[PDB]
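Have a look below at one chain only, the form deposited in one PDB entry, in structure tokens format.
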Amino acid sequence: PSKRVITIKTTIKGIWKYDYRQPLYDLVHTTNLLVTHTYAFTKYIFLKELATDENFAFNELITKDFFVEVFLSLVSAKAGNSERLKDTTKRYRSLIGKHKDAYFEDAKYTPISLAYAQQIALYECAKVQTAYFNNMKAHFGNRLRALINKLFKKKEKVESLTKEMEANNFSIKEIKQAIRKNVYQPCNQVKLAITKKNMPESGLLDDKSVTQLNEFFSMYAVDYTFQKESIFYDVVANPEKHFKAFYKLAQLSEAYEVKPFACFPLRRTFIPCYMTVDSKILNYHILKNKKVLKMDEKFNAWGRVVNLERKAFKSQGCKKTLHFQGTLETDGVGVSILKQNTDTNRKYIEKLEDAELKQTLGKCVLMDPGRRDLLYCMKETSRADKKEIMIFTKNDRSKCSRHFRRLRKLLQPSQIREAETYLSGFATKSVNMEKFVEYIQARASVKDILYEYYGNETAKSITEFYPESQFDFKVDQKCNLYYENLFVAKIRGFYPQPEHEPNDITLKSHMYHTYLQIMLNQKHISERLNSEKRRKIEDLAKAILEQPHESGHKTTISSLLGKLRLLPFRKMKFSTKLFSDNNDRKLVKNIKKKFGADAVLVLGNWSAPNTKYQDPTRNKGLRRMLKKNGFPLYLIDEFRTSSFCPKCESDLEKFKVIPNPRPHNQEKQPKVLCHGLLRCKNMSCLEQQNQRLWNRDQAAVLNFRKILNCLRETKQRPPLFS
């Protein structure tokens, strides 16, 4: 049978035994560091050779072995067996050592001692290579297109033509036609010529641009040609031949000031990243063992650290053929447990036929994928006097994300924000050697504090991020007790109160003491305080009763408890993942509820004019989820389904101008024409019993219903929407 893998999310608090928690913190917090350097150092090398001689053939260096050697060079260990070294390994080590001293001096890095690191580099480095390939596939072709757009000077020509036609006073239709023909057809011809490795027609590009195309083509071999007459497809099919071409394209883009994009992937996040903890890694690093661990003893060794009796570790899946193979991933807070069934040893609704289309009578639900509203769903049986409509907005799905962003931004210490601002002042995606060195120096200067701040969950914390800070308990309008921003609990029996009349401060001090006592009893708060701190806090609370008026005890308690404000960023990421999963489940449940299990989904494509190729719209992602839940899904053309009035097929137009709701665009454009509201140009609607108003999504779904009816009756798309 084919190999398949499943993953289960868990927390270290639930599955990991306490005795072996601290060593893991030492492992991950180290690995995430080395891996980061394993990226930067690599790029450093690629900048020292290419900057000196572009003829350097670094394409061979893009392999897992080179990344493994780079990772090992950052680890100090006893000398090994030089006789068994391979020639490729010798060359890689010599190349690394050529710049090792310079890179260490620039980054102020010291070789970290880590025995048995060989078994670790094989995993993380395997991902590093994956970063180099996929990234190119994700950015090469598109970026190439952008360069062409800059080579053709598309924007300048469009602006000049727009000004000329405004002087001539042409209408919108005429201007758009003139552009789409005169300015685009030559651009399409040039793009096709570049795609088929052919120089574009002379006269469409100036010398300063033809030289760029010639230089870009010089990178490839004389006899090499793009597979299937498509450079875009060739890049995906044979990425190995475009690394040098991709680097040259990035250099040209930087020369032309295109939007920055990282040619060489780099790990910039300071939060510890997930790493794979293999049985061997567990044996040699977590268990601190000093002998071989075979497969037979693999499960026995694993059981000494984690509780295999938990619900997550046991078998799962149909016939329970998926078994846990002693391999998992973790970043020190969250854990992804992997299970596998194999050993570890190495269609558009318009194209449906009658027999298919006519089976959904009364079951089709038309979905408009709004840019702001993720889905606007209307059942084909909906009536004007009996609405059957649902709305799923992107804001609802991003509620947790925005909440966590606000929490992170509000709780950011002054030092941390200053360091982040200083670091961001240095360009990172640029391939310039000097700028990269400056960025490395800045990162080395700021890491000492950034890693400490973002590693507060597991790493030691000694900096006073909140000096001279006073925190007092407060209760919101919903009877929730907060310290400064931490949630303590909900006092559901707090509303009954007399007329306050704050006659004495001692009563307020007693209330503060009661709130402190309530807070200290919480399970999720006590565990965050060590025994000495808890005893000191209890002593201060006792003293407060003797001297309630004095604020020194409150200040001391606040200073002691200041540690609580350090956000558990990894816990925040885990909560975000859980919230996303729960929101998807909620969407599925709501769809099944308000429309029933018989709902059949019809989804639009885009609001832009008609296109007949890839067009990588984001909706392609969402469709993956719905089909996995059992909802039939079909596509319907949308390019012209929002231009005509459903009532009488007349033209629709935006008529209401409202203040711009987007804060970053208000100053640049205080008022904008409403997009979600439309009116029909025909005035006879008033006789039916002003113009008839419509919502963009409502009109789109009505047009989709009309198209579906036309397909059912005549098996052809309406000419109006064609």
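Think of the rigid core as the biggest set of C-alphas that the two forms share within 1.5 Å after superposition. Note that residue numbering follows the sequence shown and begins at 1.
Just so it is clear, the following notes concern the form deposited in another entry, a form of the same protein that is not shown.
Just one residue from the list 190, 602, 333, 488 crosses the 2 Å line for C-alpha shift between the shown form and the other one on a rigid core fit, and it is 190. Once the rigid core is used as the reference frame, the Cα position of residue 234 differs between the shown form and the other one by 2 Å or more.
If you fit the rigid core between the shown form and the other one, you'll see the Cα of residue 254 move by 2 angstroms or more.
Remark: with the core as the superposition reference, the CA shift of residue 132 between the shown form and the other one reaches 2 Å or more. Figure legend: C-alpha atoms of residue 707 and residue 610, shown here, are separated by at least 3 angstroms more in the other form. In the other form, the CA atoms of residue 618 and residue 586 sit closer together than in the displayed form, by at least 3 angstroms.
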